[PDB]
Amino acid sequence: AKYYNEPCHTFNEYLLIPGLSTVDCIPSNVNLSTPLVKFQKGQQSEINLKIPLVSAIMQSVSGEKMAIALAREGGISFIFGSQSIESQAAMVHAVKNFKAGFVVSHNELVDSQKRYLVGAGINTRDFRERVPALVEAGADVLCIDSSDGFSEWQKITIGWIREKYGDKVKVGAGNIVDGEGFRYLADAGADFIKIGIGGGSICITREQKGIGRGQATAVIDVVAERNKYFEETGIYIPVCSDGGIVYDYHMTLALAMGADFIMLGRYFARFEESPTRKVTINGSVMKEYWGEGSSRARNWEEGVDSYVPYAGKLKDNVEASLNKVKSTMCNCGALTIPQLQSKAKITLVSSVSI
C-alpha cells in the first residue's frame, strides 16, 4: 500500500495572511471572471464564467429556475441528470429559450445569441441517448456526475463524445482527489475536472464510504498536478472545487488554492429558486436538501435527507458573499482570481485554536 507524509485537511483549517493592498483595490474593481473549459497556453477559454460559482448537479438544487437566476448573476447551473432524458432536456431548452416572446405551442452569462448559458449532468450509462438530446436542447456544457471519476467508464464516455462531436461539445469529468485521478481524466480529454469526494455537507449526516480526502488537500494536490500538466503539454485544464464550502471565506480559500471555480449544493439549496418545497417548521422557513446518493434521489446504498434555512432570493445572497470574497482578495493584494492564486499566502491553523 501507498501512504502519505501529511494528513489531509479541510477548509476550516486554513486562513489567508494579508499581502500589500494597493489604493486601486476596492471590491468594485475586482474581476471575478474565470475559465470553465480547457484551452492552450496564450489562449482564452471559449467559456468564461463572470463569477466563479456553479450550482451542484442535484435534484434539490439545479432546476430550470436556479439555472436562470444563477446565469443572470454570471454563474452557471448544471441541470441534474438523475431524471429522464426527456425531462432534463426540457429544462435545458426552457433555460436556453427563456427570453423568447411569442412561442409556437450586467453580469448575465449568455451565449452569442444573448441566451443564458446552462450546463447539464450526464452519467456513464445512457450517454449515447442522453447526450444527443442535451446537445439538441442547447446545453452549453456537460459534466459527468460521479462519486469516483477515476474510472474507465468516464474515459469511454468522453471518448464517445469526442468521436461524435470532436471538441465542439464541452464535457467536464470527476470527481477525483489527487494528481493521478486528474491526470487520467486530463489524458481522457475532459474539458474541466471536478475535485472532491466525501467533503460535501451531505456527508455530515451519513457514514463514511471509506474513500475520500480533505477538500483543501485535494484541491492543493490536484492544482499542483494541473500546473505540472500545463507545463508539460501547454494545455490548461480548469478545475472545480466541489463541495465543502461552509462559510463565504471558504470560497476565497478554494480559489486561492488554485480552483478556477466552485460547485456548491447546500449554498444554493437555501434559495427561493431551488426546485424544492419551502416548508415552515415552528416559525422557521426551511428548504429541502438531499444527496444524490440517497434512495430518495436515485429511484427514477447511501442516503441523506435534511433541511436548510431559507435565505431568500439567490441574487442578494450571492452579491453579499462575493462582496466579502472581493474584499478579502483586496486584503491579499489581488484584483483577479489568477492574481490571487499567484499572490495568496495560506497558513494552516492549529486544531487547538479551532
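For every residue, the number given is its place in the sequence shown, counted from 1. So that the term is clear: the rigid core is the largest set of C-alpha atoms that superpose within 1.5 Å between two forms.
Stretch departing more from the displayed form, 321-329 or 303-311, Cα RMS in 6 other deposited structures of this protein (core fit): Comparing 321-329 with 303-311, the larger C-alpha deviation in 6 other deposited structures of this protein belongs to 303-311.
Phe102 dropped from a third or more of the other entries of this protein: In at least a third of the comparable entries (those modelling both sides of it), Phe102 has no coordinates.
Other entries omitting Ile202, at least a third: In at least a third of the comparable entries (those modelling both sides of it), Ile202 has no coordinates.
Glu301 preceded by how many uncoordinated deposited residues after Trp300: Gap between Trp300 and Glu301: 10 or more unmodelled residues.
Higher-B stretch (mean Cα B-factor, as the entry records it), 224-232 or 107-115: That would be 107-115.
Mean temperature factor over C-alpha atoms, higher-scoring stretch between 282-290 and 324-332: Between 324-332 and 282-290, it is 282-290 that shows the higher mean C-alpha B-factor.
Which of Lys209, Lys194, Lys170, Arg213 ranks first by CA B-factor in the deposited coordinates: That would be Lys209, according to the entry.
Residue with maximal Cα B-factor (values as given in the PDB entry) among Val37, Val304, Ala56, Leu49: Result of the comparison over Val37, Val304, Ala56, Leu49: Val304.
Third of chain Cα B-factors occupied by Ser33: For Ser33, whose C-alpha B-factor we compare with every modelled residue in the chain, the answer is the lowest third.
CA B-factor ranking of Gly75, expressed as a third of its chain: Lowest third.
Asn175 by Cα B-factor - lowest, middle or highest third of the modelled chain: Its C-alpha B-factor belongs to the lowest third of this chain's values.
Chain third (lowest, middle, highest) by recorded CA B-factor, residue given as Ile346: CA B-factor rank for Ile346: middle third.
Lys155, C-alpha B-factor rank within chain (lowest, middle or highest third): Its C-alpha B-factor belongs to the middle third of this chain's values.
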